[PDB]
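Student: Sending over target_33.txt (compact mmCIF, N, CA, C and O atoms).
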```txt
# COMPACT_ATOMS: atom_id res chain seq x y z
N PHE A 1 0.87 -1.22 0.00
CA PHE A 1 0.00 0.00 0.00
C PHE A 1 0.89 1.25 0.00
O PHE A 1 0.63 2.21 -0.73
N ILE A 2 1.95 1.22 0.83
CA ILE A 2 2.90 2.35 0.95
C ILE A 2 3.62 2.58 -0.40
O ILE A 2 3.77 3.72 -0.85
N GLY A 3 4.05 1.47 -1.03
CA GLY A 3 4.75 1.52 -2.33
C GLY A 3 6.21 1.97 -2.17
O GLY A 3 6.76 1.94 -1.07
N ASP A 4 6.82 2.39 -3.30
CA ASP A 4 8.22 2.85 -3.32
C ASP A 4 8.30 4.32 -2.87
O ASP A 4 7.84 5.23 -3.57
N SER A 5 8.89 4.54 -1.68
CA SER A 5 9.04 5.88 -1.09
C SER A 5 9.95 6.77 -1.97
O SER A 5 9.67 7.96 -2.15
N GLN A 6 11.04 6.18 -2.48
CA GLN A 6 12.01 6.89 -3.34
C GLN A 6 12.77 5.89 -4.24
O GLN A 6 12.82 4.70 -3.94
N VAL A 7 13.35 6.41 -5.34
CA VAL A 7 14.11 5.59 -6.30
C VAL A 7 15.55 5.41 -5.78
O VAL A 7 16.20 6.39 -5.41
N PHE A 8 16.03 4.15 -5.74
CA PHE A 8 17.38 3.82 -5.25
C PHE A 8 18.48 4.43 -6.14
O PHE A 8 19.51 4.90 -5.64
N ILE A 9 18.25 4.42 -7.47
CA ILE A 9 19.21 4.95 -8.45
C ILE A 9 19.06 6.49 -8.53
O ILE A 9 17.98 6.99 -8.86
N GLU A 10 20.14 7.23 -8.20
CA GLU A 10 20.12 8.71 -8.23
C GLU A 10 21.42 9.25 -8.85
O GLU A 10 22.50 8.68 -8.64
N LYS A 11 21.29 10.35 -9.61
CA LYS A 11 22.44 10.99 -10.30
C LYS A 11 23.44 11.61 -9.30
O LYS A 11 23.05 12.10 -8.24
N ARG A 12 24.73 11.57 -9.67
CA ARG A 12 25.84 12.12 -8.86
C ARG A 12 25.90 13.66 -9.00
O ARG A 12 26.52 14.18 -9.94
N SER A 13 25.23 14.38 -8.08
CA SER A 13 25.19 15.86 -8.12
C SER A 13 26.59 16.46 -7.89
O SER A 13 27.47 15.80 -7.33
N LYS A 14 26.77 17.71 -8.34
CA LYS A 14 28.06 18.43 -8.21
C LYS A 14 28.17 19.11 -6.83
O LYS A 14 29.24 19.64 -6.48
N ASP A 15 27.08 19.07 -6.04
CA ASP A 15 27.07 19.67 -4.69
C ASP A 15 28.04 18.91 -3.78
O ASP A 15 28.72 19.49 -2.94
N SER A 16 28.07 17.58 -3.97
CA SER A 16 28.91 16.68 -3.20
C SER A 16 30.40 17.02 -3.34
O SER A 16 30.90 17.24 -4.45
N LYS A 17 31.09 17.04 -2.19
CA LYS A 17 32.54 17.33 -2.12
C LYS A 17 33.26 16.07 -1.60
O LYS A 17 32.79 15.44 -0.66
N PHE A 18 34.40 15.71 -2.23
CA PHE A 18 35.17 14.52 -1.83
C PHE A 18 35.70 14.69 -0.40
O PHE A 18 36.35 15.70 -0.09
N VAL A 19 35.43 13.70 0.47
CA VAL A 19 35.92 13.76 1.86
C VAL A 19 36.99 12.69 2.08
O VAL A 19 38.06 13.01 2.60
N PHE A 20 36.72 11.43 1.68
CA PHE A 20 37.77 10.37 1.87
C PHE A 20 37.60 9.15 0.94
O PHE A 20 36.53 8.95 0.36
N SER A 21 38.70 8.34 0.81
CA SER A 21 38.68 7.12 -0.04
C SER A 21 39.30 5.93 0.72
O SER A 21 40.12 6.10 1.62
N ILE A 22 38.88 4.71 0.31
CA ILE A 22 39.37 3.44 0.90
C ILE A 22 39.94 2.57 -0.24
O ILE A 22 39.27 2.39 -1.25
N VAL A 23 41.17 2.04 -0.06
CA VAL A 23 41.81 1.19 -1.09
C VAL A 23 41.84 -0.27 -0.60
O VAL A 23 42.31 -0.54 0.50
N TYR A 24 41.34 -1.20 -1.44
CA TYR A 24 41.30 -2.64 -1.11
C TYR A 24 41.65 -3.50 -2.34
O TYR A 24 40.91 -3.50 -3.33
N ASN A 25 42.76 -4.26 -2.24
CA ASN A 25 43.23 -5.18 -3.30
C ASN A 25 43.33 -4.50 -4.69
O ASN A 25 43.09 -5.14 -5.72
N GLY A 26 43.70 -3.21 -4.71
CA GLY A 26 43.86 -2.44 -5.96
C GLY A 26 42.55 -1.78 -6.40
O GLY A 26 42.54 -0.96 -7.31
N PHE A 27 41.45 -2.15 -5.72
CA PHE A 27 40.11 -1.60 -6.00
C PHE A 27 39.82 -0.48 -4.99
O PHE A 27 39.83 -0.72 -3.78
N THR A 28 39.61 0.74 -5.51
CA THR A 28 39.38 1.93 -4.67
C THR A 28 37.91 2.36 -4.68
O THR A 28 37.26 2.37 -5.73
N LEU A 29 37.43 2.76 -3.49
CA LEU A 29 36.06 3.26 -3.29
C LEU A 29 36.15 4.70 -2.80
O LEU A 29 36.57 4.94 -1.66
N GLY A 30 35.74 5.66 -3.65
CA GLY A 30 35.78 7.08 -3.29
C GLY A 30 34.48 7.47 -2.58
O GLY A 30 33.41 7.32 -3.16
N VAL A 31 34.59 7.97 -1.33
CA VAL A 31 33.42 8.39 -0.55
C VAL A 31 33.33 9.92 -0.60
O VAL A 31 34.25 10.62 -0.16
N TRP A 32 32.19 10.41 -1.11
CA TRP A 32 31.92 11.84 -1.23
C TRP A 32 30.69 12.16 -0.37
O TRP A 32 29.78 11.34 -0.28
N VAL A 33 30.66 13.35 0.24
CA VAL A 33 29.50 13.76 1.08
C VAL A 33 28.84 15.04 0.52
O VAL A 33 29.51 16.05 0.30
N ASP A 34 27.50 14.97 0.32
CA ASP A 34 26.69 16.11 -0.18
C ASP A 34 26.40 17.04 1.01
O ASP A 34 25.55 16.75 1.84
N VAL A 35 27.16 18.14 1.06
CA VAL A 35 27.06 19.14 2.14
C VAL A 35 25.69 19.84 2.11
O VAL A 35 25.12 20.17 3.15
N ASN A 36 25.20 20.12 0.89
CA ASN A 36 23.92 20.84 0.70
C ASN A 36 22.71 20.09 1.31
O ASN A 36 21.85 20.73 1.93
N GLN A 37 22.65 18.77 1.13
CA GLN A 37 21.53 17.96 1.65
C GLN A 37 21.95 17.11 2.86
O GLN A 37 21.10 16.54 3.55
N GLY A 38 23.27 17.01 3.10
CA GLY A 38 23.80 16.21 4.22
C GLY A 38 23.68 14.70 3.93
O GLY A 38 23.47 13.90 4.85
N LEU A 39 23.81 14.33 2.64
CA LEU A 39 23.71 12.92 2.19
C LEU A 39 25.10 12.43 1.75
O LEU A 39 26.05 13.21 1.74
N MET A 40 25.20 11.14 1.40
CA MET A 40 26.48 10.55 0.97
C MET A 40 26.36 9.91 -0.43
O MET A 40 25.33 9.32 -0.77
N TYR A 41 27.44 10.04 -1.23
CA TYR A 41 27.53 9.49 -2.60
C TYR A 41 28.90 8.82 -2.80
O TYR A 41 29.89 9.24 -2.19
N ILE A 42 28.94 7.77 -3.65
CA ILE A 42 30.19 7.02 -3.95
C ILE A 42 30.49 7.06 -5.46
O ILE A 42 29.57 7.05 -6.28
N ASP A 43 31.79 7.09 -5.80
CA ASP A 43 32.27 7.13 -7.20
C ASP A 43 33.61 6.38 -7.31
O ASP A 43 34.23 6.04 -6.29
N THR A 44 34.05 6.14 -8.56
CA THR A 44 35.31 5.43 -8.85
C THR A 44 36.43 6.46 -9.11
O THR A 44 36.84 6.68 -10.25
N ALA A 45 36.89 7.07 -8.02
CA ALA A 45 37.97 8.09 -8.06
C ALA A 45 39.14 7.65 -7.16
O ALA A 45 38.92 7.11 -6.08
N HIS A 46 40.37 7.89 -7.64
CA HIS A 46 41.60 7.54 -6.90
C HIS A 46 42.65 8.65 -7.06
O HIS A 46 43.86 8.41 -7.01
N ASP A 47 42.16 9.89 -7.24
CA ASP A 47 43.02 11.07 -7.41
C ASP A 47 43.72 11.43 -6.06
O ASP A 47 43.15 11.17 -5.00
N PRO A 48 44.93 12.02 -6.07
CA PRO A 48 45.66 12.41 -4.80
C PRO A 48 45.07 13.67 -4.15
O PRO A 48 45.66 14.24 -3.22
N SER A 49 43.89 14.10 -4.64
CA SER A 49 43.19 15.28 -4.13
C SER A 49 42.79 15.07 -2.66
O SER A 49 42.80 16.01 -1.86
N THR A 50 42.42 13.82 -2.34
CA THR A 50 42.00 13.44 -1.00
C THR A 50 43.11 13.72 0.02
O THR A 50 44.29 13.48 -0.25
N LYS A 51 42.70 14.17 1.21
CA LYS A 51 43.62 14.44 2.32
C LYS A 51 43.34 13.41 3.42
O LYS A 51 43.78 13.55 4.56
N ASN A 52 42.57 12.36 3.05
CA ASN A 52 42.18 11.28 3.98
C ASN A 52 41.97 9.95 3.21
O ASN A 52 40.87 9.66 2.72
N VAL A 53 43.04 9.15 3.13
CA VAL A 53 43.01 7.84 2.45
C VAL A 53 43.63 6.78 3.38
O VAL A 53 44.71 6.99 3.93
N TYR A 54 42.93 5.65 3.52
CA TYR A 54 43.37 4.52 4.35
C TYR A 54 43.37 3.25 3.50
O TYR A 54 42.50 3.07 2.64
N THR A 55 44.38 2.41 3.72
CA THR A 55 44.55 1.17 2.96
C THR A 55 44.20 -0.04 3.83
O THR A 55 44.46 -0.05 5.04
N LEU A 56 43.62 -1.05 3.18
CA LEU A 56 43.21 -2.32 3.81
C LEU A 56 43.54 -3.43 2.81
O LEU A 56 43.24 -3.30 1.63
N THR A 57 44.18 -4.50 3.29
CA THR A 57 44.56 -5.63 2.42
C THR A 57 44.20 -6.96 3.09
O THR A 57 43.60 -6.99 4.16
N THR A 58 44.57 -8.06 2.40
CA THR A 58 44.31 -9.44 2.85
C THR A 58 44.29 -9.59 4.38
O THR A 58 45.22 -9.17 5.08
N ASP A 59 43.20 -10.20 4.88
CA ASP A 59 42.99 -10.43 6.33
C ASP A 59 43.92 -11.53 6.88
O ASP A 59 44.25 -11.52 8.07
N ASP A 60 44.31 -12.49 6.02
CA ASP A 60 45.17 -13.63 6.44
C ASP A 60 46.52 -13.16 7.00
O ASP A 60 46.95 -13.63 8.06
N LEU A 61 47.16 -12.22 6.31
CA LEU A 61 48.45 -11.66 6.76
C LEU A 61 48.21 -10.76 7.99
O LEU A 61 49.17 -10.35 8.66
N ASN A 62 46.93 -10.45 8.25
CA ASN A 62 46.52 -9.58 9.38
C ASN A 62 47.28 -8.23 9.34
O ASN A 62 47.73 -7.74 10.38
N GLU A 63 47.43 -7.65 8.13
CA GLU A 63 48.16 -6.37 7.96
C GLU A 63 47.45 -5.23 8.71
O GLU A 63 48.11 -4.40 9.34
N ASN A 64 46.11 -5.21 8.64
CA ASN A 64 45.27 -4.18 9.30
C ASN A 64 45.84 -3.77 10.68
O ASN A 64 45.90 -2.58 11.00
N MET A 65 46.27 -4.77 11.47
CA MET A 65 46.85 -4.53 12.81
C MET A 65 48.33 -4.95 12.82
O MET A 65 48.73 -5.87 13.55
N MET A 66 49.16 -4.27 11.99
CA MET A 66 50.61 -4.56 11.90
C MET A 66 51.36 -3.32 11.34
O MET A 66 51.20 -2.22 11.88
N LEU A 67 52.19 -3.51 10.30
CA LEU A 67 52.99 -2.42 9.69
C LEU A 67 52.09 -1.31 9.09
O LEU A 67 52.39 -0.12 9.25
N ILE A 68 51.01 -1.71 8.39
CA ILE A 68 50.09 -0.74 7.75
C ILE A 68 49.38 0.13 8.82
O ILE A 68 49.64 -0.03 10.01
N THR A 69 48.50 1.05 8.38
CA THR A 69 47.79 1.97 9.29
C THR A 69 47.13 1.21 10.46
O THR A 69 46.36 0.27 10.25
N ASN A 70 47.46 1.64 11.70
CA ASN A 70 46.94 1.03 12.95
C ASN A 70 45.95 1.99 13.65
O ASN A 70 45.65 1.82 14.83
N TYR A 71 45.48 3.01 12.91
CA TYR A 71 44.55 4.01 13.46
C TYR A 71 43.08 3.55 13.32
O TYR A 71 42.52 3.57 12.23
N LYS A 72 42.49 3.13 14.46
CA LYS A 72 41.10 2.65 14.53
C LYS A 72 40.13 3.83 14.81
O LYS A 72 38.94 3.61 15.06
N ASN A 73 40.66 5.06 14.76
CA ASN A 73 39.88 6.29 15.03
C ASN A 73 39.03 6.71 13.80
O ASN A 73 38.49 7.82 13.77
N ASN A 74 38.93 5.82 12.81
CA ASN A 74 38.15 6.08 11.59
C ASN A 74 36.65 5.83 11.86
O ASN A 74 36.05 4.87 11.35
N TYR A 75 36.06 6.72 12.67
CA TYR A 75 34.63 6.66 13.04
C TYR A 75 33.73 6.92 11.81
O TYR A 75 32.50 6.78 11.89
N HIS A 76 34.35 7.31 10.69
CA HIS A 76 33.63 7.60 9.43
C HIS A 76 32.87 6.35 8.93
O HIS A 76 31.75 6.46 8.42
N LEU A 77 33.49 5.17 9.09
CA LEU A 77 32.89 3.89 8.67
C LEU A 77 31.62 3.59 9.47
O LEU A 77 30.63 3.10 8.91
N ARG A 78 31.63 3.90 10.77
CA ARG A 78 30.46 3.69 11.64
C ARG A 78 29.29 4.55 11.13
O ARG A 78 28.15 4.07 11.03
N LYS A 79 29.59 5.82 10.79
CA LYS A 79 28.58 6.76 10.26
C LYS A 79 28.09 6.30 8.87
O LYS A 79 26.89 6.40 8.57
N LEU A 80 29.02 5.81 8.03
CA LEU A 80 28.67 5.33 6.67
C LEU A 80 27.78 4.09 6.77
O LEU A 80 26.78 3.96 6.05
N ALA A 81 28.14 3.17 7.68
CA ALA A 81 27.36 1.93 7.89
C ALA A 81 25.93 2.28 8.35
O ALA A 81 24.95 1.68 7.89
N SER A 82 25.83 3.28 9.25
CA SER A 82 24.53 3.76 9.76
C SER A 82 23.72 4.40 8.62
O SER A 82 22.50 4.22 8.55
N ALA A 83 24.41 5.15 7.74
CA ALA A 83 23.75 5.81 6.60
C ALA A 83 23.08 4.77 5.69
O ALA A 83 21.95 4.97 5.25
N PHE A 84 23.77 3.65 5.43
CA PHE A 84 23.22 2.56 4.59
C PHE A 84 21.95 1.98 5.24
O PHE A 84 20.92 1.84 4.57
N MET A 85 22.04 1.66 6.54
CA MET A 85 20.90 1.10 7.30
C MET A 85 19.75 2.12 7.34
O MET A 85 18.59 1.78 7.07
N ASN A 86 20.08 3.38 7.68
CA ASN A 86 19.08 4.47 7.77
C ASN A 86 18.58 4.87 6.35
O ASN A 86 17.45 5.34 6.20
N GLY A 87 19.43 4.64 5.33
CA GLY A 87 19.08 4.93 3.93
C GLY A 87 19.54 6.31 3.39
O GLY A 87 18.96 6.79 2.42
N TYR A 88 20.59 6.94 3.98
CA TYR A 88 21.08 8.25 3.46
C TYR A 88 22.25 8.02 2.46
O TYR A 88 22.96 8.97 2.10
N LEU A 89 22.43 6.76 2.02
CA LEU A 89 23.49 6.39 1.06
C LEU A 89 22.84 5.90 -0.25
O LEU A 89 22.00 4.99 -0.22
N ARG A 90 23.24 6.51 -1.38
CA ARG A 90 22.70 6.14 -2.72
C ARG A 90 23.72 6.51 -3.81
O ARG A 90 24.66 7.27 -3.56
N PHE A 91 23.55 5.93 -5.02
CA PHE A 91 24.48 6.15 -6.16
C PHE A 91 23.78 5.86 -7.50
O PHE A 91 22.65 5.36 -7.53
N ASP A 92 24.46 6.22 -8.61
CA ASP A 92 23.94 6.06 -9.98
C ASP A 92 24.21 4.67 -10.61
O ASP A 92 23.83 4.44 -11.76
N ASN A 93 24.88 3.75 -9.87
CA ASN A 93 25.20 2.41 -10.42
C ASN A 93 24.85 1.28 -9.43
O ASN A 93 25.08 1.41 -8.23
N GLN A 94 24.32 0.17 -9.98
CA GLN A 94 23.95 -1.03 -9.19
C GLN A 94 25.14 -2.01 -9.11
O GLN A 94 25.26 -2.79 -8.17
N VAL A 95 26.00 -1.97 -10.14
CA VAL A 95 27.18 -2.86 -10.25
C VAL A 95 28.17 -2.64 -9.09
O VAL A 95 28.70 -3.61 -8.54
N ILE A 96 28.42 -1.38 -8.73
CA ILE A 96 29.36 -1.05 -7.63
C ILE A 96 28.85 -1.60 -6.29
O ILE A 96 29.66 -1.92 -5.42
N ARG A 97 27.53 -1.72 -6.13
CA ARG A 97 26.94 -2.24 -4.88
C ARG A 97 27.38 -3.70 -4.65
O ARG A 97 27.77 -4.07 -3.54
N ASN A 98 27.29 -4.53 -5.70
CA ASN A 98 27.66 -5.96 -5.62
C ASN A 98 29.15 -6.14 -5.30
O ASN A 98 29.52 -6.99 -4.48
N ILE A 99 29.99 -5.34 -5.95
CA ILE A 99 31.45 -5.41 -5.75
C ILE A 99 31.80 -4.85 -4.35
O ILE A 99 32.61 -5.44 -3.63
N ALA A 100 31.16 -3.72 -3.98
CA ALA A 100 31.38 -3.09 -2.66
C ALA A 100 30.93 -4.02 -1.51
O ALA A 100 31.52 -4.02 -0.43
N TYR A 101 29.85 -4.78 -1.77
CA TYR A 101 29.25 -5.71 -0.77
C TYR A 101 30.29 -6.70 -0.22
O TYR A 101 30.21 -7.13 0.93
N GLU A 102 31.27 -7.07 -1.07
CA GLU A 102 32.33 -8.03 -0.67
C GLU A 102 33.14 -7.48 0.52
O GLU A 102 33.53 -8.24 1.41
N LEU A 103 33.39 -6.16 0.52
CA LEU A 103 34.15 -5.51 1.62
C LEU A 103 33.27 -5.45 2.89
O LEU A 103 33.74 -5.67 4.01
N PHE A 104 31.97 -5.15 2.68
CA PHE A 104 30.99 -5.05 3.79
C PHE A 104 30.89 -6.40 4.53
O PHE A 104 30.73 -6.44 5.75
N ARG A 105 30.96 -7.51 3.76
CA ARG A 105 30.87 -8.86 4.33
C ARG A 105 32.02 -9.09 5.34
O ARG A 105 31.81 -9.66 6.41
N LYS A 106 33.24 -8.64 4.98
CA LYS A 106 34.42 -8.79 5.86
C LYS A 106 34.28 -7.94 7.13
O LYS A 106 34.70 -8.36 8.21
N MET A 107 33.70 -6.73 7.01
CA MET A 107 33.51 -5.83 8.17
C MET A 107 32.58 -6.47 9.22
O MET A 107 32.65 -6.13 10.41
N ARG A 108 31.72 -7.40 8.77
CA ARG A 108 30.78 -8.11 9.66
C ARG A 108 31.56 -8.94 10.71
O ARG A 108 31.05 -9.20 11.81
N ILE A 109 32.79 -9.37 10.34
CA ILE A 109 33.64 -10.19 11.23
C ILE A 109 33.91 -9.43 12.55
O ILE A 109 33.81 -10.00 13.64
N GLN A 110 34.27 -8.14 12.42
CA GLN A 110 34.56 -7.27 13.57
C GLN A 110 34.33 -5.80 13.17
O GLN A 110 34.78 -5.42 12.10
```
Show me the file's structure as structure tokens.
Tutor:
Amino acid sequence: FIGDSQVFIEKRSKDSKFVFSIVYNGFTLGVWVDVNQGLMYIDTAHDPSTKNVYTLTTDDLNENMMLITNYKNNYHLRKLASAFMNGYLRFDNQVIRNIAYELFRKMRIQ
């Protein structure tokens, strides 16, 4: 009866400003935040413009807690995870969701 409240597929507006990116197995996920509406958008960008980039690699070598970045103060992921659940996260492509989902599955571990 309620129906579709809003369309999941939405265009990447120019209002959004790049805040940070995450690199995993050579595959980069650029996280941008729409300041005007206070929403979040994702794109395939790996430019050195970012002033906040963190790397994550194979869990078996357990690099996350070793030589690589040991800063767990990245509360941005907690807010991003909440945005997905609450629904303030959307993008113009369905393909990136399936590929991105693989990283989300690993975060479920801890």
Student: Taking the DSSP assignment computed from this structure's backbone, write out as a list in words all residues of chain A that belong to strand (DSSP E or B).
Tutor: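 DSSP on the backbone gives strand (DSSP E or B) at residues 9, 17, 18, 19, 20, 21, 22, 23, 24, 27, 28, 29, 30, 31, 32, 33, 34, 39, 40, 41, 42, 43, 53, 54, 55, 56, 89 and 91 of chain A.
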Student: Using only C-alpha atoms, which residue out of A:16, A:93, A:6, A:28 lies closest to residue A:53?
Tutor: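 The answer is A:28, which sits nearest to residue A:53.
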Student: Could you list, with a cut-off of 4.5 Å and counting only N, CA, C and O atoms, the residues of stretch 22-42 of chain A near stretch 71-90 of chain A, each shown with its nearest atom pair and the distance in Å rounded to one decimal, rows sorted by chain and ascending number, as a Markdown table?
Tutor:
```
| residue | atom | partner | partner_atom | distance |
| --- | --- | --- | --- | --- |
| A:39 | CA | A:88 | O | 4.0 |
| A:40 | N | A:88 | O | 3.2 |
| A:41 | CA | A:90 | O | 3.8 |
| A:42 | N | A:90 | O | 4.3 |
```
Student: How big is the axis-aligned box around the listed atoms of stretch 5-9 of chain A once 5 Å is added on each side, and where is its centre? Give both in Å to one decimal, as AutoDock Vina command-line options.
Tutor:
```
--center_x 14.2 --center_y 5.9 --center_z -5.0 --size_x 20.6 --size_y 14.1 --size_z 17.8
```
Student: Quick one: of A:52, A:13, A:45, A:57, who's nearest to residue A:25, counting all atoms listed in the file?
Tutor: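 Comparing A:52, A:13, A:45, A:57 against residue A:25, the winner is A:57.
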Student: If you measure from atom C of residue A:68 to atom C of residue A:56, what distance in Å do you get, rounded to one decimal?
Tutor: 9.1 Å
Student: From a DSSP pass on the backbone, collect the residues of chain A flagged as alpha helix (DSSP H) and hand them back as a PyMOL selection string.
Tutor: chain A and resi 76-86+95-107
Student: Please list as number ranges by chain every residue within 5 Å of residue A:20, counting all atoms listed in the file and excluding residues in the same chain fewer than 6 positions away.
Tutor: A: 29-32, 52
Student: Would you output that residue set with N, CA, C and O atoms, as a JSON list (two decimals), in the coordinates of the input?
Tutor:
```
[["chain", "number", "residue", "atom", "x", "y", "z"],
["A", 29, "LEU", "N", 37.43, 2.76, -3.49],
["A", 29, "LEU", "CA", 36.06, 3.26, -3.29],
["A", 29, "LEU", "C", 36.15, 4.70, -2.80],
["A", 29, "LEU", "O", 36.57, 4.94, -1.66],
["A", 30, "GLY", "N", 35.74, 5.66, -3.65],
["A", 30, "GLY", "CA", 35.78, 7.08, -3.29],
["A", 30, "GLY", "C", 34.48, 7.47, -2.58],
["A", 30, "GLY", "O", 33.41, 7.32, -3.16],
["A", 31, "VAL", "N", 34.59, 7.97, -1.33],
["A", 31, "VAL", "CA", 33.42, 8.39, -0.55],
["A", 31, "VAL", "C", 33.33, 9.92, -0.60],
["A", 31, "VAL", "O", 34.25, 10.62, -0.16],
["A", 32, "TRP", "N", 32.19, 10.41, -1.11],
["A", 32, "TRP", "CA", 31.92, 11.84, -1.23],
["A", 32, "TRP", "C", 30.69, 12.16, -0.37],
["A", 32, "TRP", "O", 29.78, 11.34, -0.28],
["A", 52, "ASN", "N", 42.57, 12.36, 3.05],
["A", 52, "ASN", "CA", 42.18, 11.28, 3.98],
["A", 52, "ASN", "C", 41.97, 9.95, 3.21],
["A", 52, "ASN", "O", 40.87, 9.66, 2.72]]
```
